[PDB]
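A.B. asks: Got a structure for you, questions after.
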Amino acid sequence: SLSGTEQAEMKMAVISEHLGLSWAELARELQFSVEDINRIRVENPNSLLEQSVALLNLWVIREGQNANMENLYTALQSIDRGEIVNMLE
């Protein structure tokens, strides 16, 4: 399969566990609206993990068939979290 889609589940599970405070910046980098980002905050107020999982789930839905993990990697590197990419690739 494409290097940009294989094992998406495990990769996103790991990314979500490691994002921590970085998920909101990632969301902005991925072009999500301030409304969507705050909705995630209010729906999952006590867990950075839940907020991160929610964001990646929203991304999977938005991208649909055009989803490409390389876009997540580029965004991660742009927000200084390239160490997550190194761990995965």
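Ordering of the structure tokens sets the chain letters (A, B, ...); residue numbers start at 1 within each chain; ligands are numbered from 1 in the order shown.
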Could you give me, as JSON lines, a per-residue list for segment 6-51 of chain A showing, wherever an atom lies at most 10 Å from an atom of segment 55-62 of chain A, the closest pair of atoms and their distance in Å to one decimal, using only C-alpha atoms and sorting by chain then residue number from low to high?
C.D. replies:
```
{"residue": "A:8", "atom": "CA", "partner": "A:60", "partner_atom": "CA", "distance": 9.7}
{"residue": "A:12", "atom": "CA", "partner": "A:56", "partner_atom": "CA", "distance": 6.9}
{"residue": "A:13", "atom": "CA", "partner": "A:56", "partner_atom": "CA", "distance": 8.9}
{"residue": "A:15", "atom": "CA", "partner": "A:56", "partner_atom": "CA", "distance": 8.7}
{"residue": "A:16", "atom": "CA", "partner": "A:56", "partner_atom": "CA", "distance": 7.4}
{"residue": "A:23", "atom": "CA", "partner": "A:55", "partner_atom": "CA", "distance": 7.5}
{"residue": "A:24", "atom": "CA", "partner": "A:55", "partner_atom": "CA", "distance": 8.5}
{"residue": "A:26", "atom": "CA", "partner": "A:55", "partner_atom": "CA", "distance": 9.0}
{"residue": "A:27", "atom": "CA", "partner": "A:55", "partner_atom": "CA", "distance": 7.0}
{"residue": "A:30", "atom": "CA", "partner": "A:59", "partner_atom": "CA", "distance": 8.4}
{"residue": "A:32", "atom": "CA", "partner": "A:59", "partner_atom": "CA", "distance": 8.7}
{"residue": "A:36", "atom": "CA", "partner": "A:55", "partner_atom": "CA", "distance": 9.0}
{"residue": "A:37", "atom": "CA", "partner": "A:55", "partner_atom": "CA", "distance": 8.0}
{"residue": "A:40", "atom": "CA", "partner": "A:55", "partner_atom": "CA", "distance": 7.2}
{"residue": "A:41", "atom": "CA", "partner": "A:55", "partner_atom": "CA", "distance": 10.0}
{"residue": "A:49", "atom": "CA", "partner": "A:55", "partner_atom": "CA", "distance": 9.9}
{"residue": "A:50", "atom": "CA", "partner": "A:55", "partner_atom": "CA", "distance": 8.6}
{"residue": "A:51", "atom": "CA", "partner": "A:55", "partner_atom": "CA", "distance": 6.2}
```
A.B. asks: For residue 2 of chain A, find every residue with an atom within 12 Å (counting only C-alpha atoms), except residues of its own chain fewer than 6 positions away, and show them as a PyMOL selection string.
C.D. replies: chain A and resi 8+67-70
A.B. asks: Pick out the residues sitting within 10 Å of residue 89 of chain A, and hand them over as a PyMOL selection string; count only C-alpha atoms, and ignore anything fewer than 2 positions along from it in its own chain.
C.D. replies: chain A and resi 3+11+73+83-87
A.B. asks: Taking C-alpha atoms for each residue, export the selection above as a PDB file, in the first residue's frame.
C.D. replies:
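See out_12.pdb below for the written result:
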```
ATOM      1  CA  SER A   3       3.482   4.893   2.414  1.00  0.00           C
ATOM      2  CA  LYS A  11       0.132   5.734  13.629  1.00  0.00           C
ATOM      3  CA  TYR A  73       3.802  14.556   9.251  1.00  0.00           C
ATOM      4  CA  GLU A  83      10.256  13.646  17.049  1.00  0.00           C
ATOM      5  CA  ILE A  84       6.871  11.912  16.766  1.00  0.00           C
ATOM      6  CA  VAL A  85       7.416  11.427  13.034  1.00  0.00           C
ATOM      7  CA  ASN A  86      10.905  10.027  13.648  1.00  0.00           C
ATOM      8  CA  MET A  87       9.445   7.525  16.115  1.00  0.00           C
TER       9      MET A  87
END
```
A.B. asks: A:76, A:48, A:54, A:42: which is nearest residue 88 of chain A, counting only C-alpha atoms?
C.D. replies: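 Of A:76, A:48, A:54, A:42, the one nearest residue 88 of chain A is A:76, counting only C-alpha atoms.
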A.B. asks: Output as a ChimeraX atom specification all residues of segment 5-47 of chain A that backbone DSSP marks as alpha helix (DSSP H).
C.D. replies: /A:8-19,23-29,34-43
A.B. asks: With N, CA and C atoms retained, export the selected residues as an mmCIF file, in the first residue's frame.
C.D. replies:
```cif
data_model
loop_
_atom_site.group_PDB
_atom_site.id
_atom_site.type_symbol
_atom_site.label_atom_id
_atom_site.label_comp_id
_atom_site.auth_asym_id
_atom_site.auth_seq_id
_atom_site.Cartn_x
_atom_site.Cartn_y
_atom_site.Cartn_z
ATOM 1 N N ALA A 8 -2.571 3.343 9.339
ATOM 2 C CA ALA A 8 -3.082 4.626 9.812
ATOM 3 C C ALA A 8 -3.577 4.581 11.255
ATOM 4 N N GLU A 9 -4.259 3.499 11.619
ATOM 5 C CA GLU A 9 -4.798 3.362 12.970
ATOM 6 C C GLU A 9 -3.715 3.445 14.039
ATOM 7 N N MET A 10 -2.697 2.595 13.929
ATOM 8 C CA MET A 10 -1.606 2.601 14.901
ATOM 9 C C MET A 10 -0.838 3.921 14.887
ATOM 10 N N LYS A 11 -0.603 4.481 13.703
ATOM 11 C CA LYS A 11 0.132 5.734 13.629
ATOM 12 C C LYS A 11 -0.630 6.866 14.317
ATOM 13 N N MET A 12 -1.926 6.980 14.043
ATOM 14 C CA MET A 12 -2.702 8.038 14.666
ATOM 15 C C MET A 12 -2.885 7.789 16.165
ATOM 16 N N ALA A 13 -2.925 6.525 16.583
ATOM 17 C CA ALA A 13 -3.061 6.225 18.009
ATOM 18 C C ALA A 13 -1.814 6.751 18.715
ATOM 19 N N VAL A 14 -0.646 6.499 18.125
ATOM 20 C CA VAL A 14 0.613 6.955 18.714
ATOM 21 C C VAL A 14 0.709 8.478 18.697
ATOM 22 N N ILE A 15 0.352 9.087 17.572
ATOM 23 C CA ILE A 15 0.395 10.540 17.472
ATOM 24 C C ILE A 15 -0.497 11.165 18.549
ATOM 25 N N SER A 16 -1.694 10.616 18.732
ATOM 26 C CA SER A 16 -2.623 11.161 19.721
ATOM 27 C C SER A 16 -2.101 11.034 21.157
ATOM 28 N N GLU A 17 -1.354 9.971 21.431
ATOM 29 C CA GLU A 17 -0.803 9.763 22.768
ATOM 30 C C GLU A 17 0.317 10.759 23.063
ATOM 31 N N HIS A 18 1.023 11.173 22.017
ATOM 32 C CA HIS A 18 2.155 12.082 22.161
ATOM 33 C C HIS A 18 1.920 13.576 21.957
ATOM 34 N N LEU A 19 0.826 13.945 21.298
ATOM 35 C CA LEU A 19 0.566 15.356 21.036
ATOM 36 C C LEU A 19 0.546 16.252 22.269
ATOM 37 N N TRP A 23 -1.736 19.544 20.334
ATOM 38 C CA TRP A 23 -2.859 19.270 19.429
ATOM 39 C C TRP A 23 -3.579 20.486 18.848
ATOM 40 N N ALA A 24 -3.730 21.552 19.625
ATOM 41 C CA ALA A 24 -4.425 22.726 19.105
ATOM 42 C C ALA A 24 -3.616 23.422 18.026
ATOM 43 N N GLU A 25 -2.299 23.472 18.200
ATOM 44 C CA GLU A 25 -1.453 24.119 17.204
ATOM 45 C C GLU A 25 -1.488 23.272 15.941
ATOM 46 N N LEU A 26 -1.504 21.952 16.118
ATOM 47 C CA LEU A 26 -1.555 21.057 14.969
ATOM 48 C C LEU A 26 -2.861 21.311 14.224
ATOM 49 N N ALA A 27 -3.957 21.412 14.975
ATOM 50 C CA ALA A 27 -5.267 21.648 14.380
ATOM 51 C C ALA A 27 -5.243 22.915 13.522
ATOM 52 N N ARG A 28 -4.616 23.970 14.029
ATOM 53 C CA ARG A 28 -4.528 25.214 13.273
ATOM 54 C C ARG A 28 -3.705 24.995 12.008
ATOM 55 N N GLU A 29 -2.590 24.289 12.153
ATOM 56 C CA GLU A 29 -1.708 24.002 11.025
ATOM 57 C C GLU A 29 -2.472 23.229 9.952
ATOM 58 N N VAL A 34 -11.387 27.960 14.410
ATOM 59 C CA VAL A 34 -11.308 28.200 15.842
ATOM 60 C C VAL A 34 -12.548 27.618 16.507
ATOM 61 N N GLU A 35 -13.660 27.609 15.776
ATOM 62 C CA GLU A 35 -14.901 27.054 16.303
ATOM 63 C C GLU A 35 -14.744 25.552 16.540
ATOM 64 N N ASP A 36 -14.193 24.842 15.555
ATOM 65 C CA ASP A 36 -13.994 23.398 15.683
ATOM 66 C C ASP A 36 -13.029 23.047 16.801
ATOM 67 N N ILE A 37 -11.962 23.828 16.925
ATOM 68 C CA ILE A 37 -10.972 23.585 17.961
ATOM 69 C C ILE A 37 -11.594 23.770 19.352
ATOM 70 N N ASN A 38 -12.385 24.822 19.530
ATOM 71 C CA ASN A 38 -13.014 25.029 20.825
ATOM 72 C C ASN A 38 -14.083 23.987 21.116
ATOM 73 N N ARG A 39 -14.744 23.498 20.075
ATOM 74 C CA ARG A 39 -15.768 22.484 20.270
ATOM 75 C C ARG A 39 -15.090 21.250 20.870
ATOM 76 N N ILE A 40 -13.916 20.903 20.351
ATOM 77 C CA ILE A 40 -13.164 19.765 20.866
ATOM 78 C C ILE A 40 -12.825 20.008 22.344
ATOM 79 N N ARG A 41 -12.424 21.234 22.670
ATOM 80 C CA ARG A 41 -12.095 21.581 24.052
ATOM 81 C C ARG A 41 -13.280 21.378 25.000
ATOM 82 N N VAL A 42 -14.442 21.893 24.621
ATOM 83 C CA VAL A 42 -15.623 21.777 25.472
ATOM 84 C C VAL A 42 -16.203 20.364 25.561
ATOM 85 N N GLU A 43 -16.051 19.578 24.503
ATOM 86 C CA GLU A 43 -16.571 18.213 24.502
ATOM 87 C C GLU A 43 -15.655 17.218 25.219
#
```
